[PDB]
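What follows is calculated from the coordinates using simple rules that are stated; it is not laboratory data. Positions of Cβ are backbone-derived with ideal geometry, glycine not excepted, and every protein chain shown enters the neighbour counts.
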Protein chains: 2
Amino acid sequence: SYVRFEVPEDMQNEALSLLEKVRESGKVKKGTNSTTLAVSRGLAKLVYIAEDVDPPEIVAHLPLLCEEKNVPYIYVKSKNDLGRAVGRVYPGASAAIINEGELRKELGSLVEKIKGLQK
Amino acid sequence: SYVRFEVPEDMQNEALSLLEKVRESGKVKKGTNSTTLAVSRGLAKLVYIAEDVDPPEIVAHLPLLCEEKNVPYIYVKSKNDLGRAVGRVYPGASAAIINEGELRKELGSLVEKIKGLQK
Ligand code: NA
Ligand code: NA
Ligand code: NA
Ligand code: NA
Ligand code: NA
């Protein structure tokens with residue numbers, strides 16, 4: 001009940017692949033508290049939220065805060081996928097790219113693509 | 001520093017009395033989403049959180065954001081007390097005072113007492 005728009009599956013997978021790549025080059029915040037702080041501080045360039053978080057209430061504030069702070073965010077179906085993308089063998093509920101490192105143009109294009117999605 | 005779950009009962013109850021009175025002459029936010037926006041916007045003068053909300057995860061971001069934005073907040077023992085204070089038929093999770101109207105005295109003294117619990 002926190003999923004506010006449908007993300008095509010190819011963009012989810014494109015977003016998760018970029019997140020894996022940003023780790024070596026840039027900076028990612030992992031977990032809901034750190035993601036929230038990054039959004040609040042205006043440092044979040046792109047926020048990831050898994051659609052199967054347990055309990056869903058822990059991320060319910062995040063889409064609304066991202067919209068308030070004009071921070072792009074994207075849903076991914078699987079918290080297990082999100083955890084692997086941030087480099088972990090356990091699930092991840094949410095994450096934020098803070099510094100894209102050398103992937104500025106790729107992040108740019110993905111953000112534009114997310115912005116174009118019907119909401 | 002702020003031992004938020006040991007706030008004196010009399011302070012909690014002074015706070016609940018103020019919130020119920022402020023509904024009449026001032027402005028309050030009666031839900032978690034609206035409270036969160038008020039905090040993000042720097043408009044919350046005082047945030048209330050019930051200690052027995054189910055699940056606690058629905059308000060877990062509030063202490064984080066309040067400390068981030070220098071917003072006073074206070075946990076109250078009972079979501080039923082909080083809901084009565086804001087006039088809700090169903091238990092409250094959180095609320096905020098935006099404008100205390102004619103209760104300048106009472107908001108000002110309470111906020112100073114809550115700040116006295118810190119550092
Ligand atoms: Na596909
Ligand atoms: Na996590
Ligand atoms: Na940050
Ligand atoms: Na507001
Ligand atoms: Na904020």
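Taking the criterion of being of a type in the set (D, E, K, R) and either within 16 Å of ligand 3 (Cβ to nearest atom) or more than 14 Å from chain B (Cβ to nearest Cβ) (or both), the residues of the stretch A:1-32 that qualify are A:6, A:9, A:10, A:14, A:20, A:21, A:23, A:24, A:27, A:29, A:30. Restricting to the stretch A:1-38, name every residue that is within 16 Å of ligand 1 (Cβ to nearest atom), part of a helix (DSSP H, G or I) and charged (D, E, K, R). Across the stretch A:1-38, the qualifying residues are A:9, A:10, A:14.
When the residues of the stretch A:10-27 are narrowed to those that are of a type outside the set (S, T, N, Q) and more than 14 Å from the chain's Cα centre (by Cα), which ends up farthest from ligand 5 (Cβ to nearest atom)?
Per the stated criteria, the residue is A:10.
For every residue, the table says whether it meets (1) crowded, with 16+ Cβ neighbours inside 10 Å; (2) among the acidic types (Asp, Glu); (3) within 16 Å of ligand 4 (Cβ to nearest atom).
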| residue | (1), (2), (3) |
| --- | --- |
| A:40 | yes, no, yes |
| A:46 | yes, no, no |
| A:68 | no, yes, yes |
| A:72 | yes, no, no |
| A:89 | no, no, no |
| A:100 | yes, yes, no |
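With respect to (1) within 21 Å of residue A:54 (Cβ to Cβ); (2) away from ligand 4 (no atom under 16 Å from the Cβ), the lone exception for residue B:32 is condition (2).
This table checks each residue for (1) more than 26 Å from residue B:38 (Cβ to Cβ); (2) within 16 Å of ligand 2 (Cβ to nearest atom).
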site: A:4; (1), (2): no, no
site: A:10; (1), (2): yes, no
site: A:15; (1), (2): yes, no
site: A:23; (1), (2): yes, yes
site: A:37; (1), (2): no, yes
site: A:51; (1), (2): yes, yes
site: A:57; (1), (2): no, yes
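Within the stretch A:63-81, the set of residues being within 18 Å of residue A:12 (Cα to Cα) and away from ligand 5 (no atom under 11 Å from the Cβ) comprises A:63, A:72, A:73, A:74, A:75, A:76, A:77, A:78, A:79, A:80, A:81. Within the stretch A:92-107, the residues that satisfy the criterion of being under 14 Å from the mean Cα position of the chain (by Cα) and not in a helix (DSSP H, G or I) are A:92, A:93, A:94, A:95, A:96, A:97, A:98, A:99, A:100. Within this structure, residue A:94 passes the test of being within 12 Å of ligand 2 (Cβ to nearest atom), under 23 Å from residue B:64 (Cβ atoms) and among the polar types (S, T, N, Q).
Among the residues of the stretch A:39-88, those that are part of a loop (DSSP other than H, G, I, E, B), in contact (Cβ under 8 Å) with a residue 12 or more places away in the chain, within 21 Å of residue A:100 (Cα to Cα) and not charged (D, E, K, R) comprise A:42, A:43, A:44, A:71, A:72, A:86, A:87. In the set (1) touching a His at 6+ places or on another chain (Cβ under 8 Å); (2) touching a residue at least 24 places away in the same chain (Cβ under 8 Å); (3) of a type outside the set (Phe, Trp, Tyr), the condition left unmet by residue A:33 is number (2). Against the definition (closer than 18 Å to residue A:9 by Cβ and part of a helix (DSSP H, G or I)), how does residue A:110 come out, yes or no? Yes; evaluated as a whole, the condition is true for this residue.
Taking the conditions (1) within 14 Å of chain A (Cβ to nearest Cβ); (2) within 16 Å of ligand 5 (Cβ to nearest atom) in turn, residue B:93 satisfies each one other than (2). Selection of the stretch B:68-119 for residues being touching a helix residue (DSSP H, G or I) at 6+ places or on another chain (Cβ under 8 Å), more than 17 Å from residue B:24 (Cβ to Cβ) and basic (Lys, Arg) yields B:69, B:77, B:113. Taken over the stretch B:33-58, the criterion of being closer than 10 Å to residue B:93 by Cα, more than 9 Å from chain A (Cβ to nearest Cβ) and aliphatic (A, V, I, L, M) is satisfied by B:49, B:50, B:53.
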